[PDB]
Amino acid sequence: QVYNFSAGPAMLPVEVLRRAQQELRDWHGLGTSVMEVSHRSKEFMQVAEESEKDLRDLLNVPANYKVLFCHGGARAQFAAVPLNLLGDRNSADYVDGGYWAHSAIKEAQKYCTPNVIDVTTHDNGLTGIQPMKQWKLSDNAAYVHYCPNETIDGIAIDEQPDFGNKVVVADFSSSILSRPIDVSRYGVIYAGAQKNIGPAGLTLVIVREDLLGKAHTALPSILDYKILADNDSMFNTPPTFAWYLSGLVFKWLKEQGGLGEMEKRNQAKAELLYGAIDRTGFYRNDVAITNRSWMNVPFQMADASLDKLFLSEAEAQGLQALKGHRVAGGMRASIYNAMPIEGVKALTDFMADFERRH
């Protein structure tokens, strides 16, 4: 039995993949794949509408937000955000609490002079994040940009933002759909599809409508929020298979009880794994408890000379893609929505009996 702990692209719900396999060649009796049909067919149109509706229901998006499906991954959004949003102004506030937040800053430097606010705390060797209340924001920022779940670091910011009428932008790539969020606190939420949804080549953007209409002329059109909104995300040919699949994944999410039920399953999973790490000195995670990601769980061995053996023996027991980042070394288990608790139990059994042996 195989479990795939890959950080992105990532496991898809087993049931979504089964259904997709089933209809790969004959979709809805048409004798063609979903992949070979026009995005303007009645049939694809339905997928496009059902999936927007299903997403609004799951996350409870208000009517004043546009729901866009975009080419280009989240790194496109690192450019598309400043281009759409800078408006008449000359910078925005960028909250820097890890790699991906840093990445966005580095692209922002093409379009502005980003005000880099470092938010990382280091109390007792543990790494955490400053409370929002003390973040040193500008009066003049076009917006405030932050990453609520840092996929490499295993650091989440769980608190909802309650800033002014400041425009908040959040890269939710690696934790979107993991629990409910209060969409109304946000200007833009974006997420590359390939992590906590699963399929690569699609990016989700959710945009408050009043923010449209101020995009810079240099912004290529396929990344213009207004243009996408005016064309129901079909200004050009969309990544249709990816969109159909994300639609399957929204269906599956509703079958499971929605994001209230995802929150419970995901807390249960994280507590299991973090528990297995914390019971013993043999493994270590050095993120502050309050800021621990449920989605991405990095960890190291007291004795790092065992990493390779740990990874090879895990893989032989079917536990795949657990290699950590170069900097930390050690391990990272990403345990997204698709990952059932039995997946995580298999990993922690394995961790236990690896410590027994060595």
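Numbers follow the displayed sequence, beginning with 1.
Next on the checklist: Averaging CA B factors per stretch from the PDB record, which one is higher: 297 to 305 or 23 to 31?
Outcome noted: Per the deposited B-factors, the answer is 23 to 31.
Next on the checklist: Tell me which stretch, 340 to 348 or 11 to 19, has the higher mean Cα B-factor listed in the entry.
Outcome noted: Comparing 11 to 19 with 340 to 348, the higher mean C-alpha B-factor belongs to 11 to 19.
Checklist entry - Per the entry, which of 253, 276, 270, 126 tops the list for Cα B factor? => result Highest C-alpha B-factor among the listed residues goes to 126.
Next on the checklist: I'd like to know which of 160, 151, 194, 178 has the highest C-alpha temperature factor in the PDB entry.
Outcome noted: In the PDB entry, the greatest C-alpha B-factor among 160, 151, 194, 178 is found at 160.
Item to check | CA B-factor placement of residue 223, once the chain's modelled residues are sorted into thirds | outcome: It falls in the middle third of the chain.
Next on the checklist: Taking only the Cα B-factors deposited for this chain, tell me whether residue 232 sits in the lowest, middle or highest third.
Outcome noted: As the PDB entry reports it, the C-alpha B-factor of residue 232 lands in the middle third of its chain.
Item to check | Cα B factor band for residue 77 (lowest, middle or highest third within the chain) | outcome: Tercile = lowest for this residue's CA B-factor.
Checklist entry - Considering only modelled residues of the same chain, in which third does the CA B-factor of residue 103 rank: lowest, middle or highest? => result Highest third of the chain for residue 103's C-alpha B-factor.
Checklist entry - If you rank every modelled residue in this chain by C-alpha B factor, which third holds residue 289: lowest, middle or highest? => result Residue 289: CA B-factor falls in the highest third of its chain.
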